[PDB]
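Asker: For the record, in the sequence shown the residue sitting at position 214 is 856 according to my numbering, with numbers rising by one throughout. One structure, pasted below without further comment.
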Amino acid sequence: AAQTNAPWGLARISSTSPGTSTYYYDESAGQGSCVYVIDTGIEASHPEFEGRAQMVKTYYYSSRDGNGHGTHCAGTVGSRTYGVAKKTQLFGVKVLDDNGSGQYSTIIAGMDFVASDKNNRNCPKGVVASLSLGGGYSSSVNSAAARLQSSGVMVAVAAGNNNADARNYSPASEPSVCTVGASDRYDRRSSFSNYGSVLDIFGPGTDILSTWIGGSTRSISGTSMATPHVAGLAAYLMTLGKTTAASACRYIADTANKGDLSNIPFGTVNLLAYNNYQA
Ligand SMILES: [Eu+2]
Ligand SMILES: [Eu+2]
């Protein structure tokens, strides 16, 4: 399948070079997989989700996304026009308030929730969790992310936006999950992206168009935007049978575009997520 005039990040993940505008992908499109988006919520009524999104848990007064951040990330995973895995099922867990903030105890509870809730869901091709959030180092937050991965869920987390070594941020610094940095449309590391030995992979993160609340769309930047590209790619690859939740991060790294990025400090991987699609 081919999507013409696609957002640049979708085109980039299906090409060996920058500057293309068509997203090439297999028609299976992540069907049979499930992605939990652990964030500010998802506006599940947005037409771009086609009935494939639902809220399953909130830690606040309402399950509504009053911010937009979670709806944008969910759109990059699996919306029709803006998503990597256009037929996946999306589940929202609201651990962040409508200002985009949340306490570590609530974030931990949301990860433990997903590890249990997945046993109630029909996800024959596998389960992914996308965490576009983080803060200062906490061993308890890292441990919760490690538990979620060990339970059989592919965990993708943002590296952080501090232009610093990700070893001082959580859950980015947990080795056992998939820690995602950001790149721009010219194959440079995004100017805000964290780096360091704990990063596993880069994805598109500067000027990413996706869904927004009120049935709208908007372009924003961050490692929060790169993370759902990798989460959606994992769901897509699991549906094709190429990898499993336990090994998806390693498979993505082994099959990535290598050496294409500039402004990568010594000691950080030079790997950009790539779907290896061949018609
Ligand atoms: Eu190349
Ligand atoms: Eu890792």
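Note that beta-carbon positions come from the ideal geometry of N, C-alpha and C, so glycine has one too.
Helix, strand or coil: how does DSSP classify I906 here?
Answerer: In this structure, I906 counts as coil in the three-state DSSP scheme.
Asker: Taking only three categories from DSSP, how would you classify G752?
Answerer: Looking at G752 - three-state DSSP - the assignment turns out to be helix.
Asker: Judging by CA-CA distance, which residue of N647, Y667, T658, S657 is the nearest neighbour of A877?
Answerer: Ranking the options by Cα distance to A877, first place goes to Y667.
Asker: Please confirm whether any heavy atom of ligand 1 lies closer than 7 angstroms to the CB of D896.
Answerer: No, the beta carbon of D896 sits no closer than 7 angstroms to any heavy atom of ligand 1.
Asker: Assuming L738 and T682 form a contact by the criterion Cβ under 8 angstroms, report the distance between their Cβ atoms to the nearest whole angstrom.
Answerer: Between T682 and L738 the Cβ distance is about 5 angstroms, and since that is below 8 angstroms, they are a contact.
Asker: Flag this pair as yes or no: are the beta carbons of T869 and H714 separated by less than 8 angstroms?
Answerer: No, these two residues do not count as a Cβ contact at 8 angstroms.
Asker: Could you give the distance in angstroms between the alpha-carbon of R706 and the alpha-carbon of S743?
Answerer: Cα to Cα, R706 sits roughly 15 angstroms from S743.
Asker: In three-state DSSP terms, what is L875?
Answerer: Three-state DSSP puts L875 in a helix.
Asker: Report the start-end ranges of each beta strand (DSSP E) in the stretch 712-787 that is 3 residues or longer and not cut off at the edges.
Answerer: Listed in chain order, they are 731-736, 768-773.
Asker: With three or more beta-carbon pairs closer than 8 angstroms as the criterion, would you say the stretch 837-853 touches the stretch 890-909?
Answerer: Yes, since at least three Cβ pairs between the stretch 837-853 and the stretch 890-909 fall closer than 8 angstroms, the two stretches touch.
Asker: Does the beta carbon of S812 fall short of 7 angstroms from some heavy atom of ligand 1?
Answerer: It does not: the Cβ of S812 is nowhere closer than 7 angstroms to a heavy atom of ligand 1.
Asker: Just verifying my parser: in three-state terms, what is the DSSP assignment at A695?
Answerer: Looking at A695 - three-state DSSP - the assignment turns out to be strand.
Asker: By alpha-carbon positions, which one of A771, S866, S780, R831 ends up nearest to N912?
Answerer: When each option's Cα is compared against that of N912, the closest is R831.
Asker: Bridge partners for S675 per DSSP, in chain order?
Answerer: DSSP lists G768 as partners of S675.
Asker: Please identify the residue among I655, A787, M880 whose C-alpha is closest to the C-alpha of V726.
Answerer: Nearest of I655, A787, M880 to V726, Cα basis: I655.
Asker: Out of curiosity, what's the CA-to-CA distance linking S812 and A890?
Answerer: So the two alpha carbons sit approximately 21 angstroms from each other.
Asker: For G856, does the three-state DSSP call read helix, strand or coil?
Answerer: Here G856 sits in coil by DSSP.
Asker: Measuring alpha carbon to alpha carbon, tell me which residue in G883, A921, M867, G909 is nearest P649.
Answerer: The candidate whose alpha carbon is nearest that of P649 is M867.
Asker: Would DSSP call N810 helix, strand or coil?
Answerer: Residue state, collapsed to three classes: helix.
Asker: Below 8 angstroms between beta carbons: does that hold for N836 and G802?
Answerer: Against a cut-off of 8 angstroms, the Cβ pair of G802 and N836 comes out as a contact.
Asker: With DSSP as the reference, please indicate the residues paired to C891 in a beta bridge.
Answerer: In DSSP, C891 forms no bridge with anything.
Asker: Using the C-alpha atoms, what's the distance from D754 back to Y701?
Answerer: Between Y701 and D754, the C-alpha separation is close to 13 angstroms.
Asker: If you follow the beta strand (DSSP E) that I843 is in, where does it begin and where does it stop?
Answerer: Taken as a continuous stretch (DSSP letters only), the beta strand (DSSP E) holding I843 covers 843-846.
Asker: Let's see if you can read the secondary structure: which residues bound the alpha helix (DSSP H) around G823?
Answerer: First-last for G823: 820-825, but that is the beta strand (DSSP E), not the alpha helix (DSSP H).
Asker: Suppose contacts are defined by Cβ-Cβ distances below 8 angstroms. Is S839 in contact with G909 by that definition?
Answerer: Yes, the pair counts as a contact, with Cβ atoms nearer than the cut-off.
Asker: Using three-state DSSP, classify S861 as helix, strand or coil.
Answerer: In the structure shown, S861 sits in a strand (DSSP, three-state: E or B).
Asker: Along the chain, where does the beta strand (DSSP E) that runs through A653 open and close?
Answerer: Per DSSP, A653 belongs to no beta strand (DSSP E); it is in the alpha helix (DSSP H), 650-655.
Asker: Between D807 and ligand 2, is there a pair consisting of the residue's CB and a ligand heavy atom that are separated by less than 7 angstroms?
Answerer: No, the beta carbon of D807 sits no closer than 7 angstroms to any heavy atom of ligand 2.
Asker: Buried or exposed: which applies to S687, given that a residue is buried once 16 or more other Cβ atoms fall within 10 Å of its Cβ?
Answerer: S687 comes out exposed.
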